[PDB]
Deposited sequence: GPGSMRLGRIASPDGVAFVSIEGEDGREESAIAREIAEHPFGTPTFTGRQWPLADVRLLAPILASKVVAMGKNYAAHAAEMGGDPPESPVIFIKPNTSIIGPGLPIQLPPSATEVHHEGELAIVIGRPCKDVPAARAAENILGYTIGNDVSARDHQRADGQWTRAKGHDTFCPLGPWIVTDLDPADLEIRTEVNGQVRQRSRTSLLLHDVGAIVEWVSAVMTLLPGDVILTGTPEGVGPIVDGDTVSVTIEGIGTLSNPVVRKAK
């Protein structure tokens, strides 16, 4: 399935996206969903961020440069941080560059969406606790990272977590292309087969630290090619088997 959230003329709804149509879900969004009977043509509605997350956890970096780098000595341990859920925006809404930020970068990422309350999950049981996968952009004020040391402010501004366009529930994340474009120019391109810590390893690490709730999002890191976004840009992140998450950039 593809699951997401829409604003319709008749209000906001959690939906199955089929194609295209959006079919309103009644109950069991994290289980086997049932339907109310309401539906809309996808063209007639507006996609929102696809889930209500209690928190967004994110990995630093986490990509090998090349498939030949994957064999070597084991990677450094994961470095995680949190983005507040107030940073989340859906497709098409502007990333608002803060007046206090002078250098803001895009970071295209595969996003894990948790589907069950869980803690101390071994990597082998990660899939049974995952609803599915979507796309994220870990937007970051690099000047704030330099000033603060901690990355929380840099990554925590309202609008700094684009998420969408929908959550794919039957997707294998082992080897998907991920690419980021700014004004149609390719800035990042890699494959999720180059993740240093794979999805299972990430869920194992994060859930050993903190309880995860249904709807929580874990951003899995970003490849090289991270660079600036400025007023007037459009930045998009495309992941094989999911789609494209695109946002304009405004200052502000």
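Practice prompt. Write out the missing regions of the deposited sequence in sequence order, one range per stretch.
Written response: No C-alpha for residues 1-4, 24-30, 264-265.
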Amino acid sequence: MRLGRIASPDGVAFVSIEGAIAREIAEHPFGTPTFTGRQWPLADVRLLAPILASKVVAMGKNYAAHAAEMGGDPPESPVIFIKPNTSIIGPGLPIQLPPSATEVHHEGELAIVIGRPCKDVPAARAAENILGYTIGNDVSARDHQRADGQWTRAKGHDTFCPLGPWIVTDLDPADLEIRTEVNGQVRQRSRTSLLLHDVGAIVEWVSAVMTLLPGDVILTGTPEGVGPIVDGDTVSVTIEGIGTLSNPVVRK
From here on, numbers count along this sequence of modelled residues.
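Worksheet item: Taking the recorded C-alpha temperature factors, which stretch has the higher mean, 45-53 or 201-209?
Response: On average, C-alpha B-factors are higher across 45-53.
Fill in: Mean Cα B-factor comparison, 175-183 or 152-160, giving the higher one as deposited
Mean C-alpha B-factor is greater for 175-183.
Worksheet item: Between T134, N137, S140, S77, which carries the biggest CA temperature factor in the record?
Response: Result of the comparison over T134, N137, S140, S77: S77.
Practice prompt. Have a look at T192, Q39, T220, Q188 and flag the one whose Cα has the highest B-factor in the entry.
Written response: By C-alpha B-factor in the record, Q39 ranks first.
Worksheet entry | Third assignment of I21 from its chain's C-alpha B-factors | According to the entry, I21 has a C-alpha B-factor in the chain's highest third.
Practice prompt. Sorting the chain's modelled residues by C-alpha B-factor, tell me whether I239 ends up in the lowest, middle or highest third.
Written response: Bottom third by C-alpha B-factor.
Worksheet entry | Third of chain Cα B-factors occupied by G72 | As the PDB entry reports it, the C-alpha B-factor of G72 lands in the highest third of its chain.
Worksheet item: Against its chain's modelled residues, does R146's Cα B factor rank lowest, middle or highest third?
Response: For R146, whose C-alpha B-factor we compare with every modelled residue in the chain, the answer is the highest third.
Worksheet item: Of the three thirds of its chain by CA temperature factor, lowest, middle or highest, which one includes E128?
Response: It belongs to the middle third of the chain when residues are ordered by C-alpha B-factor.
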